[PDB]
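Chains, contacts and geometry: an overview
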Amino acid sequence: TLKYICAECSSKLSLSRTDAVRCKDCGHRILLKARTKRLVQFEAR
Amino acid sequence: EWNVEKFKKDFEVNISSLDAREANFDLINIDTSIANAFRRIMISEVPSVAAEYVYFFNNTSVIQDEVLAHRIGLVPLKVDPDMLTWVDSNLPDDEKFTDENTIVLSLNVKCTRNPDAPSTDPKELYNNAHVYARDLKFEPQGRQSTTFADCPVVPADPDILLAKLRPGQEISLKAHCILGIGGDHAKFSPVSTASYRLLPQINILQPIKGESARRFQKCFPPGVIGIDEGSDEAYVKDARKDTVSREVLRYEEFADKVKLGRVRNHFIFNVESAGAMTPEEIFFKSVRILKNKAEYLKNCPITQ
Amino acid sequence: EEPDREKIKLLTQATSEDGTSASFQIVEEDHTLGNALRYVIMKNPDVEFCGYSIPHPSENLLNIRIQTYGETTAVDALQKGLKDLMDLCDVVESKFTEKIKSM
Amino acid sequence: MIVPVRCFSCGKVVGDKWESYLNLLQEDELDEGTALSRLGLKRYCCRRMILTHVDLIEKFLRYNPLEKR
Amino acid sequence: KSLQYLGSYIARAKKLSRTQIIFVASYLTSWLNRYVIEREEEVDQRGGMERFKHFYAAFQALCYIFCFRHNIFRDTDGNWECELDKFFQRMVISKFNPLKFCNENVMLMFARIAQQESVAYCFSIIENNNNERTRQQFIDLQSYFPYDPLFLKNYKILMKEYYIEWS
C-alpha cells in the first residue's frame, strides 16, 4: 500500500484516482511523498 | 664491506612499553630507508576489515544515505584478519561475496515517542534516539557459526555515535564488510598513527656549571637535564624524553654552549591500533610483508 | 603452471648487451621497496651505479637502474639485493620476537 | 552535523568521545583542556576535532516531517 | 612467414618425393653456408641480435624438417645426407647461438631428436641459459605453425591421405 504524507498535519495518507489532491484531516494541499522499503546500495566511501 | 651478519651483531630492539592498543619500542642501527618502509607498510599495506558495500532498505533519518554509508565504513571492526580471504574484483556480484570473503552486518532502528515526565534530555524522551556502533548486529552467514563462535564481530569502539533519530524515522540497512588495504581507502588502515621519531642528541660543549645550569634545566623537558653541583654539572639523563623545541637556541647564554642534532640510526616507533589487532602484531605483519614483497620479486621471471 | 610476467620487466632499450647495466621496471611499487632495495643493492662491492625513480605519481611504476663494474651482471646483482633484504627482515623479526618474550 | 568518526589528520577514533566530553563539561565542571586529556586526545590534530565540533544535528532534528507539530 | 610456411609444408605433406625433401634442405643449408662468410662476424659490432631475424627464421625451418623427416636423410649405410651430422655441429657453437633465439618448443624437441639420431649434443647449451636469459611479433611468428591439425570434422576425411598426423 503506497502512501503519501500531508506536509501540515503529518498524517499518512494514500491517494486514489478521482480524488482532490488534499489532506483529508486538515485541508492542506502540499502533500509530500513518503519513502517505502526499497533497496539502494552504496560504496562505503 | 657490509654484511647481513654485521647487521645482526649490532641491531637492538628496546621496547619501552606495550599496551593492548599502543606499543612503543626503539630500533637501533638500522637505516632510515628501511625503518621508513616499516612505517610505510603499517599504514598502507597491512590489511584490515572494513565495511565496503552498504545496502539501505529504508533510511528516513536526517543524515543522508551516502553520508551514513560513509560513517559505517569508518567504524573499525574487531575482526582478526587471516580469517577472511581476499574478494575477487573481476568476478560478478552473484559470485563475489561468499561466506569466506565477507562479513554481513545489519542495523534496524526505529525511533518512537516515550511517555515521560518533563528541555528534557532525548535519552529520557525518545526510544532509540541515538544509534551507536554496537547496534551493528553481526549476522553469521554461511559456515561462519562454527568459526566465529569464539570471536563474534563487534566494533572495536562500540560507542561510536552513528546517527540520531526522532520518532517516525528509521534506518534499516545491511552492510557487507570486506578485507582491504589502507592504501586504497583510509578506512582499512589498521593503525591510528604508526610513526617514528629520531633520537635527539644534546651535545654540551663548554661546562655550564652553576646557576646557568638551572636555566639550562628549563630549556628542556624535566626528565632531560640533571644537576648536582659544579661537579656533575649538567648531564643528559634521558634524551628520549626531549621534544625538539629549540628553546635553548634562543638564549644568548647558550647559543655557543650546545648543539642539537639527532642520533641518525636510533628510531623511536610509536604504533597505535584501530583495535582489530595488537600493535606489536601489526609490526610483525609489516616486517613480513616487506620480506614477502621481496620474495615475490626474487622468485619471478623476466621476459623481454 | 602460472608465473607472473607483469611484475618485473627489464627494459632492453637501456640494458647493456654486456648485461652489466640494466634498468628494470616494477609495477605496483614505489618508495616503499624501491628505497629499501636501493640501500641494500649499494652495499654490493661490485655495484657502480644504483638509483630508483618513479616516473610519475599517477601510475604505480618503479624504475631501478643497476650498473656494475664487471664480473657480475645487474640481474645477478638485483637478486643479491633481494636476498639480503630478505635476510635483513628475518633479523629484525628475530630480534623483535625476543624482546616481546623478554617482558 | 554529527561528530566525525575518525580524526581527519591522524585517524584516531573520535566519534565515541562526544557524549563523554559533554559530561566532562557539565557534570565535572572541567575546562576544555582537562576534559580532552582525560578522554585521551593528546595530539593537537585530534584535540581540535572534539574541541571544535558544532553538533548541528540537534538543530536539524527539530524539523521532523513524520510527526505532528 | 614464408620460411615459417616452408618447413611446415615439407614436413606435413604425405604424398611427396624424397628427392623433393632434400633439395629444400640442400638449398637451405646452402643459404646458411652462403651465410658462412659474409655475416658471421657482424655480431660483435654495435647492434642487436634482431639484425639476424631472417637467419634465425631459416634455421628454425631447418630444425622443423628434421624433427619430422629425419629417416629420409639416413642413407643406405647409416650416415647423413650432405653432412647434416656435421652441419649442426657448427651452427650450434657459432656466435649467433640459434638455440636461444629460435622458438623454444621446436628447439626443445630438436635437442631430444639429436640425441636419438646422434647428430648434435645441444642439451648443455640450452641448459646454458640460466642467468644468460619488436621481439613479440617475432616470437609470435615462431608460434604460428601453418599446418596445425584441422579442426573441421568433415574436411579432414579428404585431408587424411594428404596431411600427416603427429606420429
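Now for a look at the structure at hand. (Residues numbered from 1 in each chain as written, not as in the entry; some residues may be left out. Chains lettered and ligands numbered in written order. Part of a larger assembly, values for the part shown. Heavy atoms only, no water.)

1. Some words on helix α1 (residues 2-11) of chain E
Residues and elements named next belong to chain E.
- Every buried residue belonging to α1 is among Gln4, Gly7, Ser8, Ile10 and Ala11, and all of these are buried. In an axial view of α1, the angular spread of the buried residues amounts to 165°, which keeps them on one side of the axis.
- Looking at the buried side of α1, the elements it contacts are α2 (18-33) and α3 (53-66). (Buried < 20%, exposed > 50% of the residue type's maximum accessible area, 1.4 Å probe, protein only. Helix = DSSP H or I, 4+ residues; strand = E, 2+ residues; numbered from the N terminus. Arc of directions from axis to C-beta. Contact = heavy atoms within 4.5 Å.)

2. Section: the environment of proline 4 of chain D
- Locating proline 4 of chain D in the fold gives a position in the segment before α1 (18-26).
- C-alpha of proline 4 of chain D to C-alpha of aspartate 55 of chain D: the two residues are 51 residues apart in sequence and 10.0 Å apart in space.
- Contact partners of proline 4 of chain D, with chain neighbours within four places excluded, come to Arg71 of chain B together with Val14, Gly15, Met49 and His53 of chain D.

3. Considerations on the arrangement of the chains
- The interface with the most contacts, out of 6 pairs of chains in contact, is the one formed by chains B and C.
- Of all C-alpha pairs spanning chain C and chain D, none lies closer than 20 Å, and the two are not in contact.
- There is a clear gap between chain D and chain E: no contact, and 47 Å between their nearest C-alpha atoms.

4. Let's talk about the interface of chain A and chain B
- Across the boundary between the two partners, chain A contributes 11 residues, which contact 20 residues of chain B.
- For the interface between chain A and chain B, the tally reads 3 salt bridges.
- Across the pair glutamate 52 of chain B and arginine 45 of chain A runs a salt bridge, and its minimum N-O distance is 3.3 Å.
- Taken together, the connections running from chain A to chain B amount to 9 residue pairs in polar contact. (Salt bridge = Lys/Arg side-chain N within 4 Å of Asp/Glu carboxyl O. Polar contact = N/O pair within 3.5 Å; in protein donor to acceptor, adjacent residues only side chain to side chain.)

5. Quick look at the nonpolar core
- Of all hydrophobic cores here, the largest spans 59 residues; its most connected members are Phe25, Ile30 and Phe38 of chain B together with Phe24 and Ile66 of chain C.
- Of the residues forming this core, the biggest block, 12 residues, is contributed by helix α2 (residues 74-100) of chain C.
- Once residues lying within four places of it in the same chain are set aside, the contact partners of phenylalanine 24 of chain C are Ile8, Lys9, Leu10, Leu11, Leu62, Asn63, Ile64, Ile66, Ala74, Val75 and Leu78 of chain C. (Core = buried A, V, L, I, M, F, W, Y, C linked by side-chain atoms within 4.5 Å.)

6. Structural notes on the pairing of strand β2 (residues 23-28) of chain B
Residue and element names in this part refer to chain B.
- Counted residue by residue, β2 has 5 buried out of 6 residues, so it is predominantly covered.
- The pairing of strand β1 (residues 12-18) with β2 spans 6 bridges and is classified as antiparallel. Opposite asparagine 14, over in β2, you have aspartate 26 as the bridge partner.
- Between β1 and the antiparallel strand that follows it, β2, lie 4 residues.
- In this structure, β2 lies alongside strand β14 (residues 258-271), joined through 6 bridges in antiparallel fashion. What sits directly across from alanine 23, in β14, is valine 271. (Pairing = 2+ DSSP bridges.)

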